[PDB]
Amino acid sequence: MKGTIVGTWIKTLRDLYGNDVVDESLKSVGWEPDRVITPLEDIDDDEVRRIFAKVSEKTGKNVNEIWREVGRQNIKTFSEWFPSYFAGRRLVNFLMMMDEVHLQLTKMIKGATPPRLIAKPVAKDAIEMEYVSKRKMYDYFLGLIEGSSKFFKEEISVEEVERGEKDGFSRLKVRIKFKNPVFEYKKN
């Protein structure tokens, strides 16, 4: 995982569960509770999974529940660290932009494996978005969508069409319906 993001996660964990749970979880994996993660640092994914498992243990919450909660809250952390991506944006616009954003923010890393998040209109008031990644972070993905809905104050309906692994990649396809029309048919 890219260091910058793991950093936002540590902060989000502190905002949700407190400094004691977080400092202890970090120590459990050999980290200094106040460790400084550089932007381009490549934090091992399992190491992050071990931190979340420890948070799970200490909080009594299911680890998937924690990822879901971190995803909802991390949007707020994101708007504070990367305000430029939210500045005068609408939810549909924000989401359609994500696949490109993840590519741009990892292009400086050789062999980068960002999640693919291709989205496409499928109705005047709905889009289909497919999470594709080897990391299997379904709940984080679903939580970020829910958190995004809350940030932009735009109500949505999220239908999980399919989830599973195809050719080594975990995939989750959702259909996101908005309260109002957001698309119009136009000449291709």
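In case it trips you up, residue 1 is the first one in the sequence shown, and so on. The term rigid core refers to the maximal set of C-alpha atoms that superpose within 1.5 Å between the two forms.
Report the stretch with the higher root mean square CA deviation, pooled over structures and residues in 6 other deposited structures of this protein, choosing between 176-184 and 6-14 after a rigid core fit. With the rigid core superposed, the C-alphas that lie farther in 6 other deposited structures of this protein are those of 176-184.
Core-superposed in 6 other deposited structures of this protein, which stretch deviates more in Cα positions, 132-140 or 159-167? Stretch with the larger root mean square C-alpha distance in 6 other deposited structures of this protein: 159-167.
What stretch has the higher average Cα B-factor here, 87-95 or 114-122? Result: 87-95.
Check the entry's C-alpha temperature factors for 31-39 and 62-70, then say which stretch has the higher mean. For C-alpha atoms only, the mean B-factor is higher in 31-39.
Quiz for you: based on the deposited Cα B-factor, which of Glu154, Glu160, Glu146, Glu130 is highest? Among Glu154, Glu160, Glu146, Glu130, the highest C-alpha B-factor in the entry belongs to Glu154.
What third of the chain, by the recorded C-alpha B-factor, contains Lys11? Within its chain, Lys11 is a lowest-third residue by C-alpha B-factor, going by the deposited values.
Taking the C-alpha B-factors as the PDB entry records them, is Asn180 in the lowest, middle or highest third of its chain? Its C-alpha B-factor belongs to the highest third of this chain's values.
Entry-reported Cα temperature factor of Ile109, expressed as the chain third it lands in: For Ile109, whose C-alpha B-factor we compare with every modelled residue in the chain, the answer is the highest third.
Among the modelled residues of this chain, does the Cα B factor of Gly18 put it in the lowest, middle or highest third? Lowest third, going by the recorded CA B-factors of the chain.
According to the PDB entry, is the CA B factor of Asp46 in the bottom, middle or top third of its chain, that is, lowest, middle or highest? CA B-factor rank for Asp46: middle third.
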